[PDB]
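No hydrogens, no waters, no symmetry mates; every other heavy atom, side chains included, goes into these values. Naming convention: chains lettered A, B, ... in sequence-line order (proteins, then strands); numbering from 1 in each chain.
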Protein chains: 2
Amino acid sequence: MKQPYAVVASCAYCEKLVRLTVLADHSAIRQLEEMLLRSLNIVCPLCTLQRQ
Amino acid sequence: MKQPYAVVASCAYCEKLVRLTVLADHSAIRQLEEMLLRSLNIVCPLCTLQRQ
Ligand SMILES: [Zn+2]
Ligand SMILES: [Zn+2]
């Protein structure tokens, strides 16, 4: 069962919160949240272009 | 070494392309791309709110 899930994480560069939605099984969401702890950061729309 | 990486994937709901940037080590990016094959989909801004 894939389910919709709201990901919330601080931008790599500016620590603004970045919100994105994914559709994923339980284990993928658990995996993603584990990645977000240390190994992966998401980037906000402005920093994704460069200027904060 | 974390590096910036442009993720491109089709929206779960509408198959519009969704682009996001992450900062991640090699193995995390490999892991993410593996997830995107089957177990995880990202969702575009409009579908993230509901109306396509
Ligand atoms: Zn930012
Ligand atoms: Zn969409």
How long is the gap from NZ on B:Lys2 to CD1 on B:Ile29, to the nearest 0.5 Å?
10.5 Å

What residues, two or more places apart in sequence or in another chain, satisfy side chain to side chain contact (heavy atoms under 4.5 Å, CB included) together with A:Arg30?
none

So, the side chain of B:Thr21 versus the backbone of A:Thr48: is there a donor-acceptor pair under 3.5 Å, distance only?
no

Gap between atom SG of A:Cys47 and atom NZ of A:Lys16 - 0.5 Å precision:
9.5 Å

Contact between A:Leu32 and A:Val7 at the side-chain level, heavy atoms closer than 4.5 Å - yes or no?
yes

Who passes side chain to side chain contact (heavy atoms under 4.5 Å, CB included) against A:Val18, sequence neighbours left out?
A:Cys11, A:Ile42, A:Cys44

Side chains of B:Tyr13 and A:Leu23: does their closest heavy-atom pair fall under 4.5 Å?
yes

B:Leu40 CG to B:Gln31 CD distance, which is reported to the nearest 0.5 Å:
11.5 Å

A:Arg19 versus A:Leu17: any side-chain heavy-atom pair under 4.5 Å?
yes

Between the CG atom in A:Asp25 and the OH atom in A:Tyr5, the distance rounded to the nearest 0.5 Å is 13.0 Å

Taking atom OG of A:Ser27 and atom CE of B:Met35, what is their separation to the nearest 0.5 Å?
9.0 Å

